[PDB]
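To keep things clear, I will list the structure first and then write my remarks on it.
Computed over heavy atoms, backbone and side chain alike; hydrogens, waters and symmetry mates excluded. Positions are given from 1, in the same order as the sequence printed here.
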Amino acid sequence: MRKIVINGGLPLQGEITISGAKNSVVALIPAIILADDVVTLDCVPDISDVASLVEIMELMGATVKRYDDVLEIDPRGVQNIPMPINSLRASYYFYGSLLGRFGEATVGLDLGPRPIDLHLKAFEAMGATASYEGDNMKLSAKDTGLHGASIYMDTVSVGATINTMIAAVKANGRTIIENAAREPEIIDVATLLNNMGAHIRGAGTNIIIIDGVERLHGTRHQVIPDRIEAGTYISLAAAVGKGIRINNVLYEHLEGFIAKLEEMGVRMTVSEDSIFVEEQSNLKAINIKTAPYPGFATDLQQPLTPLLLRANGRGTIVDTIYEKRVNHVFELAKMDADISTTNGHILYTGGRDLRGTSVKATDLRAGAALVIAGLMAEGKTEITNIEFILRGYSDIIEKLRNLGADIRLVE
């Protein structure tokens, strides 16, 4: 019933403020199950993933108070019951918090490796074995209970690093996560937990040490800015802006992204709190290869692509994290972009005017790509399945209209 309508081809200008990180908050909320008292989060983004997580927490017995950018979560009433969600990668983080709190998790269920296998392997090493007792999966910790272990992650995994860390904070003994993911959201989750009384050291590095504690208390914690939202608006400002200030940005979390934009010839003025993106010219094509942080983020390759389509020359995008993250390509092609995918690889030639038409968001960051492309494109663009965008971009319509975009929510 809902679509986004954009009349593009018009320069944008002004300023936009970045909200708290989707990819921190979706771990922060379930981690709060571990606490003995209320935990309050500030700079909570108004995104659908947060609303869904709030609903689950309430159904599990938490009470949640919400206003402005704040969530007050009281997990004391949380019950040890099967989880009744699953469409969200973040649902996994309940495994770690429920294991940590109750010593067991009864949880909702392709033919090869699945990302979750990494989490379960870590849990198994901490004494929590799995089971398929009938339609559902059961994790249960053994003997004196959940315990520490030295865990080498066969491949780098943000989800498994975070889930292992959450599980470890109330485990018996020390957990050492080797080949840990370094994403700054992992630091944020560790920071929350430490201020709740955990003992986590090395977050942000390849080795994380956790010494299990008896109990966690409450705290009030500001979610780090969303570096992906920030990168999205920087890409947008470069593609169609004539001078836009992006506020609440931490450039230290965008080193790999900023490097590639500078390679293209993007001119921006970087401060400790904000970035001013100039009106751009003479951009040149680059090649993108995603990699674990601090490498170039897989979550940013799609939002960056329409800016690549502005540049002069040809390039390729290779996503080493999610090889088949290419579903924006078929949709961008409908807008007359010179873009294709074989594999695996995404090939583009920039410099062509895009033309608005009806396109469908296929996922969160592909949706963002179509929004930026819609703003660049001549004529009118209509985006359907906008629910994907609303998962991760807070106040997007309002933020963009404030930059002078002709964008509208229709139903």
Just by modelled atom types, is the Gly96 backbone N or O under 3.5 Å from a matching donor or acceptor in the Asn163 side chain? yes
Just wondering, do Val39 and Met196 contact through their side chains at under 4.5 Å, heavy atoms? yes
At their closest point, which heavy atom of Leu254 faces which heavy atom of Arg227, and how far apart are they? CD2-O, 3.5 Å
Count the heavy atoms of every other residue, nucleotide or ligand shown that sit under 6.0 Å from CZ of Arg408, and state whether that count exceeds 12. no
State the CG-CG distance between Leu41 and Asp69, to the nearest 0.5 angstrom. 10.0 Å
Any donor-acceptor N/O pair, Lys260 side chain to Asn287 backbone, under 3.5 Å: yes
Within the 3.5 Å criterion, strictly below it, is a donor on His217 or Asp37 matched to an acceptor on the partner's side chain? no
Can you confirm whether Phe330 is buried at CZ, in the sense that more than 12 heavy atoms of other residues, nucleotides or ligands lie under 6.0 Å from that atom? no
Minimum heavy-atom separation for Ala361 and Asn385, please, with both atom names. O-CB, 3.3 Å
Measure across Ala366 and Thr362 and return the closest heavy-atom pair with its distance rounded to 0.1 Å. CB-OG1, 3.5 Å
Kindly compute the distance separating OG1 (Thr164) from CD1 (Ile177), expressed to the nearest 0.5 Å. 5.0 Å
Would you say the side chains of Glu183 and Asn23 form a donor-acceptor pair under 3.5 Å? no
To the nearest 0.5 Å, tell me how far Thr269 OG1 sits from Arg245 CZ. 10.5 Å
Would you call the rings of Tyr393 and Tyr233 parallel, tilted or perpendicular if under 30° counts as parallel and over 60° as perpendicular? perpendicular
Within a reach of under 6.0 Å around NZ of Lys289, are more than 12 heavy atoms found that belong to other residues, nucleotides or ligands? yes
Shortest non-hydrogen contact from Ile246 to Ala230? CD1-O, 4.3 Å
Could you please spell out the steps behind the side-chain contact (heavy atoms from CB on, under 4.5 Å) verdict for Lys380 and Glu382? CA-CA 7 Å; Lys380 168 175 64 66; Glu382 301 194 2; 2.9 Å; yes
Side-chain donor-acceptor pair present, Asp188, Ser24, cut-off under 3.5 Å: yes
Under 3.5 Å: donor-acceptor pair, side chain of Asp117, backbone of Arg114: yes
Looking at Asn312 and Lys284, would you say the former's side chain and the latter's main chain have a donor-acceptor pair under 3.5 Å? no
With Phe94 as reference, evaluate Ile29, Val107, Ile33 under the side chain to side chain contact (heavy atoms under 4.5 Å, CB included) test and give the passing residue. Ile33
Distance-only, no hydrogens or angles: does the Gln280 side chain make a donor-acceptor pair with backbone N or O of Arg267 under 3.5 Å? yes
Residues, nucleotides or ligands: over 12 heavy atoms within 6.0 Å of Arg66 CZ: yes
As an exercise, state the distance from CZ of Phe296 to CG of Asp319, rounded to the nearest 0.5 Å. 9.5 Å
If we ignore angles and hydrogens, is there a donor and acceptor under 3.5 Å between the side chains of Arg325 and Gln301? no
How long is the straight-line distance from CG of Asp226 back to SG of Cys43, given to the nearest 0.5 Å? 11.5 Å
For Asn80, does the CG atom have more than 12 heavy-atom neighbours from other residues, nucleotides or ligands under 6.0 Å away? yes
Just wondering, more than 12 heavy atoms not from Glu178 lying within 6.0 Å of its CD? yes
Does a donor on one side chain sit under 3.5 Å from an acceptor on the other, for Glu185 and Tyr293? no
Got more than 12 heavy atoms from elsewhere within 6.0 Å of CZ, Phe276? yes
Kindly give the heavy-atom pair with the smallest separation between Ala285 and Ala311, and that separation in Å. N-CB, 3.6 Å
Is it true that, when you exclude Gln222 itself, more than 12 heavy atoms of the residues, nucleotides or ligands shown sit nearer than 6.0 Å to its CD? no
Could you tell me whether the side chains of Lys3 and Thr381 share a donor-acceptor contact shorter than 3.5 Å? no
Walk me through it: do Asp211 and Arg174 pass the test salt bridge (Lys or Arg N to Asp or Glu O under 4.0 Å)? CA-CA 4 Å; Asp211 284 308; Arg174 168 174 289 195; 2.9 Å; yes
Give a yes or no answer on whether the side chain of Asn194 reaches the backbone of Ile200 with a donor-acceptor pair at less than 3.5 Å. yes
Working to the nearest 0.5 angstrom, can you tell me the gap between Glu278 CD and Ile244 CD1? 12.0 Å
Main-chain N/O of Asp273 paired with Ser271 side-chain donor or acceptor, under 3.5 Å: no
Okay, side chain of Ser394, backbone of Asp46: is any donor-acceptor separation there less than 3.5 Å? yes
Could you go through the salt bridge (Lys or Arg N to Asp or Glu O under 4.0 Å) check for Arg401 and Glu398 one step at a time? CA-CA 5 Å; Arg401 294 189 63 86; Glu398 161 162 291; over 6 Å; no
If you compare all heavy atoms of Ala337 against all heavy atoms of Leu309, which two are closest, and at what distance to 0.1 Å? CB-CD1, 3.8 Å
Flag the pair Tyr95 / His119 as yes when their ring centroid distance falls below 6.0 Å, and as no otherwise. no
